Structures are given as structure tokens and as C-alpha cells.
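Trainee: Take this sequence and fold it.
(2 chains)
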Amino acid sequence: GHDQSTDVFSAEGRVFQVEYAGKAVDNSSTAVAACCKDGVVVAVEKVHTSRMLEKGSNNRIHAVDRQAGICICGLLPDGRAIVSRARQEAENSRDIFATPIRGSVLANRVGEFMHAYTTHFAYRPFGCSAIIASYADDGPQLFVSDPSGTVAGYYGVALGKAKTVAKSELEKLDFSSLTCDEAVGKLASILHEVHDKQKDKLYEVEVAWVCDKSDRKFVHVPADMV
Amino acid sequence: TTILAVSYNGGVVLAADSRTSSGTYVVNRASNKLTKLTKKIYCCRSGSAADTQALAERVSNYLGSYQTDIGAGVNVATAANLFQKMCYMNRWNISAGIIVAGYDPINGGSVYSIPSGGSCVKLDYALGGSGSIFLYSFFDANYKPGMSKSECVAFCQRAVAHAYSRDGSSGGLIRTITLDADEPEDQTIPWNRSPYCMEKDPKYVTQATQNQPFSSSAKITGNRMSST
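Mentor: Residues are numbered from 1 along each chain as shown, chains lettered A, B, ... in the order given. Right below this line is the structure:
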């Protein structure tokens, strides 16, 4: 009975319903992201169940503002809830403060929102990690908010089922030197290596960036660079 | 009230007279209408002291919260935007001309006018107060932009002095503050070192000739100063 509600600590001060939501994210399709000096690139492997989807279906990458986006990893519907909240924060920043939301701020807001659903018996934690990619006045930034609401900045990041491998491949990259052009290639390449073929037979790799070439607008990358 | 702000390269000057009047009596002859919002962002307040003090305190509060939260400096645009919001939400219940001016490193020095209706307009300089109606021509005629800090301070002091020499509702001290990359410099010119007043302009020393003595001629001489 220690593990049925997120309002409860176990005897070791764990919150199991959060660890469990965590597992939802780890059993999900893989995402990676890299924060360069010219921008952020985020890529994610969409696993279809049907051969008959439209290309575009179940986008896991959403813009949240002109300069920021969120790639979701885990339960896509839960993520669209976060994406909606991120968008409300971004709008608020523009409407009240007349400034684009800084990325650290956006990720904090996202984290606070996710964390809130780990405190109260009536809601459950979200089953998704959000990767936030911003390029506002704070510069290129890449955060991840996990279901606990813990938020961390990264140079590069990998989530989902192939996360342990994808991290090994992301460690081979030189983040000080790497550019958004190169990264679209590398990050996509990485998701092709770590994809398991005999399990998940149907897959595209969705990529998005926000960078100096995109006029610091967060956008899917044209499907010529992939 | 006379409030104004002017941009110079890299910052702003704000200036104001010091008088608060309940019509025709001066309740405060040393009010400070340059109100700090953040370190480098100020407003000048005109209209209802009550209203403007309440908004400034509210906006300053919000902006301090906001600065602590984003862990960085605040932009003048943010301060103006908030001010505008509040001024517009309460436009029917307040009398409030604001100028929000200050320095932020992204945009340099900025000036926003937020007049009674709650418009917010970004300008090179702004005037507000009952006394401002007297400075429009003064600026049109005598303000050249691109002034140094020090020139700009002196010019705003002159401008306030001119305004409050004619507006009965403005008077007293002239308070200024500059706001730029460096530390804010506040200044206060007391009335008796005002860089202009009518009581010391030589072209207003001769009295109008209204009280002519009874004479056998139409030739106007002077006022009758003595009974003999």
C-alpha cells in the first residue's frame, strides 16, 4: 500500500508512483538532443504501430513559443498536456512581461508543473519527460524535466529505451565545436543505430531545431537533412 | 506636476518638480515623483498621488519577484508593459500619467509614456503632468537629441524650471535621476538655484504700466509709486 499514490513516501523516502511513471518514459521511444553554440537540435524516434499513418502523425515535438520547443518522451497525451502548460507560460511571459520566456525559466515552470502532480493523492505523475530547447536571450539551452519534476540542463541528452546506448554515442561528440548542421546528421544517425528493428518495424525520425540559421525559431528541420 | 524623461546615448534622465497640490494649496513641496521600480528603472508619476504610489509599489513588487525568478536584470519594456497593463485595467478608476524609463543592457536607455488612457508609447523623450503642456514647444524648439549625460541633465533641469515657472501646479525642487550602465545619480536643485524663473528673468523686471498717475497727457510714464 506504499505505492498506490504519489502522495506517499515509502519508508526510504522514495515516491514510488513517480518511479513507476519514470518507467513509462524509459519503455518509450528514444529521443536525443544536443545543445551547440549556434542552437539546439532535438530528434526523436517515432514508433508507429500501423503502416498506414500519415507522415506527421503523433508528432512528439511541439513548438512552445517562437524560440522554444518541447520534445516529449513517454506518453504522448501527457506530454501534450505539458506542452499546453509550457505554451501558457510562454504566452504569459509575452503578455505580462513583454519578453520571450528565457529557457531556464521555461524549464523551471515546466518542472514545477510536473512536480505539482507528484504531491497530491488526487492526481498522478506525468508519464513523460519533456525536453525543452530554447534559444532566447539566455542563449541556446537544453533542459529536461522528468516526471518527478526534476529539471536539468544538458549539453546532450538521451531518453527512452535506447537511452543508455544513445548516451554512449552522444559522448563521442564534441559539444564545444559541434554545430546545428552537423548535429542534425549525428543525432539522427544515432537514433538509426540504437533503433531495434525486429521489435519496432515502422519508424520515422522527427528532428527539430532552434538555431541561428532558423532565425532562432524552433522548427522541424526540412526532410532533406536526414 | 511636471515630469519628463529624455534619452541620451546609453541612458536616460528623469526629472520632476516636487510639488503636490490640493488645488491651490501645496500640501507637499518636496514630493519625490521619481519612483524606483528596480535598480535601473524608474517611473515618474503624475496624477493622483494615491493611485500612482499604489501602482508603482505594485509594479515594483512584481518586478522584484520577477527578477529573482528569472535570475537576471529586468528590461525597461517589461516594466513598461506591466505598468501599462495595470494602468489600462484600472483606467476608469485612476488618474495616472506615468513615464517609465530606465536602462537595461539589451536595449540601452528607454522611455515609455503611459498616459491616462493606458497607451504605452516608446519615445525618445516624454513629458507628463499638467506642466508638460508648457514644454512641448520648448522641446520642439530647443531640444536636440544626441546630448551627453551632463547636457541632458542640465536640459531637463531647464525644462522643468520653465514648466514650473508657468504651471501653478508645479513647483519646488527639481529632482533628477540618471540611469545608465553606471550607478544612478539623483540630484536635487532647490528652487533658489533653479536655472530659470520669471522672478529673475530680466525681461520681467519692468512692471506693466497699469496704475498710471492722473495726468494732463496721454503720454504714459510709469506706475504711480507714491502718493506725493
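Trainee: Nearest residue to residue B:127 in space, please, no chain neighbours.
Mentor: residue B:4 (4.7 Å; C-beta to C-beta, 6 or more residues apart in numbering or on different chains). All C-beta spots, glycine's among them, are computed from the backbone N, C-alpha and C.
Trainee: again but with residue A:117, I slipped
Mentor: Counting by C-beta to C-beta, 6+ apart, residue A:117 lies nearest to residue A:123, which is 4.5 Å off, once chain neighbours are set aside.
Trainee: Could you report the neighbour count for that neighbour?
Mentor: Residue A:123: 13 surrounding residues under other C-beta atoms under 10 Å in any protein chain shown.
Trainee: what's the answer for residue B:63, then?
Mentor: Residues near residue B:63, counting by other C-beta under 10 Å: 20.
Trainee: still on that earlier bit, give the contact list for the residue nearest to residue B:127.
Mentor: Residue B:4 is in contact with B:14-16, B:44, B:99, B:125-129, B:132, B:135, B:156, B:159-160, counting by C-beta atoms under 8 Å, 6 or more residues apart in numbering or on different chains.
Trainee: And the next helix or strand past the helix or strand encompassing it?
Mentor: Using DSSP states H and E, residue B:4 sits in strand B:3-8. Downstream of strand B:3-8, the first helix or strand assigned by DSSP H and E is strand B:11-17.
Trainee: give me every residue that touches residue B:121.
Mentor: Contact analysis of residue B:121 by C-beta under 8 Å, 6+ apart lists B:112, B:113, B:114.
Trainee: so how far is the longest helix that chain B contains from its chain's centroid?
Mentor: For chain B, the longest helix by residue count, based on DSSP state H, is helix B:49-70. Relative to the mean C-alpha coordinate of its chain, helix B:49-70 is positioned 20 Å out (C-alpha atoms, centre = their mean, to the nearest Å).
Trainee: what are the C-alpha coordinates of the following helix or strand past that helix, in PDB please?
Mentor: Next along the chain after helix B:49-70, taking DSSP H and E as the criterion, comes helix B:76-89. C-alpha atoms of helix B:76-89 as PDB (Å, rounded to 0.1, in the frame of the first residue of the first chain):
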ATOM      1  CA  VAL B  76      12.500  48.500 -19.300                       C
ATOM      2  CA  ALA B  77      10.000  47.100 -21.700                       C
ATOM      3  CA  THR B  78       8.900  44.600 -19.100                       C
ATOM      4  CA  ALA B  79       8.400  47.400 -16.500                       C
ATOM      5  CA  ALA B  80       6.500  49.500 -19.000                       C
ATOM      6  CA  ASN B  81       4.400  46.600 -20.100                       C
ATOM      7  CA  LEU B  82       3.300  45.900 -16.500                       C
ATOM      8  CA  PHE B  83       2.600  49.400 -15.800                       C
ATOM      9  CA  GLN B  84       0.600  49.600 -19.000                       C
ATOM     10  CA  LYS B  85      -1.400  46.600 -18.100                       C
ATOM     11  CA  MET B  86      -2.300  48.000 -14.700                       C
ATOM     12  CA  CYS B  87      -3.000  51.400 -15.800                       C
ATOM     13  CA  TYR B  88      -5.200  50.000 -18.500                       C
ATOM     14  CA  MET B  89      -7.100  47.600 -16.300                       C
END
